[PDB]
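Novice:
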RNA sequence: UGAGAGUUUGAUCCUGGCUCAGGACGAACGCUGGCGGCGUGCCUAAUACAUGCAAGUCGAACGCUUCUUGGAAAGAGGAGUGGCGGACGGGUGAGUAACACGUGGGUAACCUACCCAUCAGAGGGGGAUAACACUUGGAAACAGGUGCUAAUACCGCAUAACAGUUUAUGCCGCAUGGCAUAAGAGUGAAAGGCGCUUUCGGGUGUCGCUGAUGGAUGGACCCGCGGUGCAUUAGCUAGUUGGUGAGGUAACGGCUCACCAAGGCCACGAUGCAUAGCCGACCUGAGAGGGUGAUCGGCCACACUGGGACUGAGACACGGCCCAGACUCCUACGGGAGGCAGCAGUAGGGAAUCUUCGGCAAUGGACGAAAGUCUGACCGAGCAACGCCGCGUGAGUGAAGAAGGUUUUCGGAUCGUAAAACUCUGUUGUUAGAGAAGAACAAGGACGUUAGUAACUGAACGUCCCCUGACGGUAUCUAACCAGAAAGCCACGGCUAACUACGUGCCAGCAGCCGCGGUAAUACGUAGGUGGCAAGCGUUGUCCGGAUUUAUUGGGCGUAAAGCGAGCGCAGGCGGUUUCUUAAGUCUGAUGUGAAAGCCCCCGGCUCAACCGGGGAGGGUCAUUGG
């Protein structure tokens with residue numbers, strides 16, 4: 002059950018998140034496999050940076066996003082590309 | 002036990018143990034019943050070889066021996082009769 | 002804490018003015034206390050390095066932890082010397098910028114003006130006096146309420162305006178043109194005694 | 070001491086109030102008067118009491134600040 | 001980026017020890033305290049634990065039963081069978097000197113639920129049981145007996161070999177052997193639920209079910225090298241070391257058996273005893289080094305003490321079972337119950353360490369189609385100068401020096417522009433108004449596109465409406481009022497910055513090292529003054545530096561400490577000149593790896609800074625291959 006989920010990295014009331022691919026048994030801030038982009042809930046139009054050439058490779062191997070990761074992966078047009086590669090060939 | 006779900010696992014696993022042991026003993030006696038007839042040199046010697054093979058195979062689909070144990074068993078028996 | 006004492010005993014103990022040449026050492030140029038006029042024998046070469054350090058620390062009214070951190074920071078430049086870069090970083094703090102510009106007579110007054118929230122850098126207010134003013138940033142006088150008694154009068158009487166400070170007396174904007182130099186900055190005390198004082202800290 | 074080993078200890082200041090079976094607190098510090106003493110008791114920390122004239126270094130000797 | 005000083009003498013030079021000047025800390029305690037920000041807080045008894053909470057969920061797998069609106073459909077409860085989860089998350093460092101850990105490799109000796117892809121199936125039967133109803137023994141915990149009942153519960157029969165194994169063929173590898181193709185023999189599975197079309201339609205969407213193969217992810221085993229004291233610890237081993245076969249395991253193997261032999265390890269430190277979880281990292285040092293393994297991340301081990309298995313993809317199981325032991329508790333004496341090293345909390349030990357708080361709004365986790373239900377993980381709040389950082393307790397003008405204190409040679413000097421006096425300020429304080437970001441979403445409605453269809457429902461993402469904040473009326477911003485509420489601790493003979501009075505008289509007392517005190521004490525105790533730091537300041541304890549005082553960097557042995565009383569010599573250490581060769585040391589290039597967070601370099605955000613984020617370098621005694 003590989004996942005693609007968020008990981009908290011702020012101070013106390015100014016949170017920040019790294020987008021990371023981890024085994025689902027791991028702790029939220031513990032071990033992971035690799036990091037895939039960044040996400041900032043402040044900064045009114047929220048800031049996303051991500052590689053999007055590893056997201057498409059993990060997605061095709063059975064990794065699965067959480068609910069917020071799917072929202073910010075569709076705002077970037079990554080889910081459409083998965084759609085157009087899988088069920089189109 | 003304290004948790005409600007820990008109390009159910011006790012009876013569930015007790016029942017699983019009961020039937021698991023029954024079926025393992027079935028398999029073991031089938032095999033031994035073949036061995037005691039190949040050590041005598043008796044007529045009706047291929048039929049109980051067949052039956053022992055079938056016994057092992059059915060035990061492997063009931064989640065009682067892994068799958069490699071079954072390959073090992075069928076190999077050993079094959080080298081004894083056929 | 003900062004300091005509130007008589008502020009003039011301090012100059013009589015360093016042997017330097019500290020207040021824009023306005024004379025605290027006019028009468029009685031000796032030290033305070035009973036044993037003032039009756040001086041005594043020599044002073045060590047520890048007393049000399051301590052006296053130089055205290056001269057510099059009391060010039061700009063800061064505390065010992067902050068002085069030492071600023072000194073440790075100036076040591077990471079490696080472009081020039083280490084006492085020059087120190088005394089130049091010392092000048093770029095928002096309190097000296099208000100003193101040099103001319104909106105205040107003393108440095109204590111300038112400190113209270115920047116503390117009580119009457120000045121702005123680039124339009125935005127800034128309240129804390131240890132701020133680091135960079136080169137080319139017009140610091141202003143809170144165009145909300147720039148009609149105060151003392152600021153007005155202390156803009157008129159310009160005792161000292163330097164060769165690195167720019168200013169216009171109508172909008173009340175000032176800025177540093179570029180970084181100063183030792184010839185332009187107290188070539189009287191030191192920067193080598195102070196560097197030695199921190200070698201064995 | 071709590072760990073049941075015995076030592077002698079100097080009691081400083083001018084005038085104390087220590088009697089048999091009163092509980093006290095020790096710190097390090099060796100006196101150069103006689104052998105066998107390597108500790109100081111600390112004034113004003115348990116049954117022991119601060120000295121009652123001091124005006125100048127009351128943080129030692131355990132004296133509180135007087136309105137005088 | 002390498003600073004030194006005092007102290008052996010009547011005086012000296014050298015040798016030499018002792019002491020001091022710098023840092024830091026999960027710190028404790030004495031005197032004293034105004035605020036915000038970010039962090040930290042049982043180091044001792046792995047001591048014993050009152051009270052609450054920390055793991056459940058599914059009615060779209062199955063039969064029952066109770067209500068609210070005699071036949072009625074929905075909504076809300078109750079236990080039961082069945083699935084999945086409970087092996088994660090959270091705690092602690094007692095054991096462990098060894099493949100436990102770090103770094104580098106190997107498995108042609110291996111396993112893997114949920115998740116992604118591909119191929120092929122999904123046929124037809126049977127016998128039960130809890131619940132329920134009645135009934136017996138029970139102090140209770142709880143046990144039995146009779147009768148009826150369901151399924152994705154259970155069991156056989158069919159069909160399937162793509163799996164394993166053997167034979168021939170071809171290619172290949174580092175022994176054992178590996179891959180692909182052909183045959184031959186015995187054998188092995190499976191389950192439905194919810195929808196759409198419904199002329200009988202017999203079709204179909206979706207989620208589940210069985211067999212085989214890949215990926216991913218997680219685990220298992222073997223090997224090189226590296227990190228502790230003692231020789232006032234030299235011998236240790238009898239499944240011990242190797243072979244043959246048999247059993248056994250996911251798997252190779254003395255892993256375990258029967259037989260055969262007499263081997264294995266050790267001065268390059270075996271064995272024993274003592275102490276210790278290991279690492280990224282952290283403190284200090286010019287470096288080489290030395291000392292620690294607390295917050296945070298990774299690996300390991302344990303769960304009242306000691307044995308065992310069962311269920312399961314995975315446990316020899318942290319809020320599971322069975323037995324033994326100590327301890328505590330309830331009993332009608334026949335018997336029963338329990339395990340805070342989860343979060344709070346308590347008694348005890350100690351110099352010493354916090355609230356029996358709010359919420360699942362955010363991030364992660366379990367189950368469910370989903371709304372949702374659970375979550376002391378976690379996000380917030382409370383306590384404590386325990387630490388780091390930031391800002392205050394006013395600002396300007398102000399004299400022949402007001403009164404008072406201290407001193408005085410009695411003229412004066414110093415506290416002192418310091419107060420007064422005049423004009424200003426409102427960071428803070430108080431009162432009054434306004435007032436956030438953290439929120440993205442699931443679900444629900446309409447609308448489009450693509451691949452499947454006889455077709456529609458649905459699948460997979462796009463566009464639009466709609467919907468949610470514990471902190472909390474918190475941060476913050478605006479208006480008025482007032483210098484009004486907010487400074488202490490240590491030192492002042494030399495090291496080492498800062499001196500005069502009075503009291504006392506080898507007393508009372510002081511000291512880090514020199515050393516002070518017997519009538520004019522700058523060394524004791526007070527007052528005036530002065531110096532260092534400052535919401536803190538000193539003291540004790542622990543570690544590195546100074547210490548070249550264990551000297552590789554970097555010391556010595558005539559008289560200061562120090563050449564065995566002398567030879568002979570096994571092992572070891574080191575060795576004359578030269579031609580060709582090799583490539584073990586040595587030098588050098590390329591590739592892989594040395595996690596994240598830290599120290600450092602550049603850049604950016606919180607009014608600044610602590611702090612937070614993005615991109616880099618660095619760190620191996622490392623491996624492979626080429627010179």
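Residue numbers (the entry's author numbering), protein chains in the order written: chain p, 2 to 90; chain t, 2 to 83; chain d, 2 to 202; chain l, 70 to 137.
Using N, Cα and C, we set each Cβ at its ideal position, and we do this for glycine too.
With a cut-off of 8 Å, do at least 3 Cβ pairs link the region 123 to 136 of chain l to the region 105 to 113 of chain l?
Specialist: At 8 Å Cβ cutoff, the stretches touch.
Novice: Kindly list the residues whose CB is nearer than 6 Å to the CB of residue 83 of chain p, restricted to its own chain and excluding five residues on each side of it in sequence; keep chain order.
Specialist: If we look at residue 83 of chain p and ignore the five residues flanking it on each side, its Cβ neighbours are 60.
Novice: If you draw a straight line from the alpha carbon of residue 79 of chain l to that of residue 201 of chain d, how long is it in whole angstroms?
Specialist: Answer to the nearest angstrom: the Cα atoms are 37 Å apart.
Novice: Quick one: grab the DSSP three-state call for residue 176 of chain d.
Specialist: In this structure, residue 176 of chain d counts as strand in the three-state DSSP scheme.
Novice: Relative to the C-alpha of residue 50 of chain t, which candidate in t/2, t/59, t/38, t/68 has its C-alpha closest?
Specialist: It is t/38.
Novice: Evaluate residue 1 of chain d with the Cβ neighbour count: other Cβ atoms within 10 Å of its Cβ, from every protein chain shown; 16 or more gives buried, anything less gives exposed.
Specialist: For chain d, the structure presents residues 2 to 202; residue 1 of chain d sits outside this window and is missing.
Novice: Label residue 176 of chain d either buried or exposed according to how many other C-beta atoms from any shown protein chain fall within 10 Å of its C-beta, with 16 as the threshold for buried.
Specialist: Buried is the call here.
Novice: Using three-state DSSP, classify residue 1 of chain d as helix, strand or coil.
Specialist: Any property of residue 1 of chain d remains undetermined from this structure, which presents chain d solely from 2 to 202.
Novice: Rounded to the nearest angstrom, how far is the Cβ of residue 213 of chain d from that of residue 143 of chain d, given a contact under 8 Å?
Specialist: The requested residue 213 of chain d is not part of the displayed model; chain d covers only 2 to 202.
Novice: If residue 25 of chain p sits next to residue 2 of chain p, beta carbons under 8 Å apart, how far is it from one beta carbon to the other, in whole angstroms?
Specialist: Indeed, because the Cβ distance is near 4 Å, the residues count as touching under 8 Å.
Novice: Would you mind reading off the limits of the beta strand (DSSP E) that contains residue 36 of chain p?
Specialist: Note, residue 36 of chain p: beta strand (DSSP E), 35 to 41.
Novice: Look at the alpha carbon of residue 41 of chain d and the alpha carbon of residue 181 of chain d, and state the distance between them as a whole number of angstroms.
Specialist: Cα to Cα, the separation comes out at about 39 Å.
Novice: Thinking residue 53 of chain t and residue 78 of chain t are a contact (beta carbons under 8 Å), I'd like their distance in whole angstroms, please.
Specialist: Indeed they touch by this definition, with Cβ atoms about 6 Å apart.
Novice: So, at 8 Å on beta carbons, what are the nonlocal neighbours of residue 149 of chain d in its own chain, with the 5 sequence-adjacent residues on each side left out?
Specialist: Contacts found: 119.
Novice: Does DSSP put residue 165 of chain d in a helix, a strand or coil?
Specialist: Looking at residue 165 of chain d - three-state DSSP - the assignment turns out to be coil, as it is neither helix nor strand.
Novice: Check whether the region 57 to 64 of chain t and the region 21 to 28 of chain t touch, using three or more Cβ-Cβ pairs below 8 Å as the test.
Specialist: Yes, since at least three Cβ pairs between the region 57 to 64 of chain t and the region 21 to 28 of chain t fall closer than 8 Å, the two stretches touch.
Novice: Look at the Cβ atom of residue 108 of chain d, then the Cβ atom of residue 61 of chain d, and state whether they are nearer than 8 Å.
Specialist: Contact: yes.
Novice: With a 10 Å radius around its C-beta and 16 neighbouring C-beta atoms as the bar for buried, classify residue 87 of chain l as buried or exposed.
Specialist: Result: exposed.
Novice: Just list the residues that DSSP pairs residue 141 of chain d with in beta bridges.
Specialist: Note: residue 141 of chain d sits in a beta bridge opposite d/121.
Novice: Where does residue 79 of chain l fall in DSSP's three states?
Specialist: Residue 79 of chain l falls in the strand class under three-state DSSP.
Novice: Buried or exposed: residue 62 of chain p, going by 16 or more other Cβ atoms within 10 Å of its Cβ?
Specialist: Per the 10 Å Cβ criterion, exposed.
Novice: Taking the beta carbon of residue 191 of chain d as the centre, do at least 16 other beta carbons fall within 10 Å, making it buried, or is it exposed?
Specialist: It is buried - the Cβ of residue 191 of chain d has at least 16 other Cβ atoms within 10 Å.
Novice: Going by beta carbon distance, what residues of the same chain come within less than 8 Å of residue 183 of chain d, once the five residues before and after it are set aside?
Specialist: Within the same chain, residue 183 of chain d has close Cβ partners 85, 88, 192.
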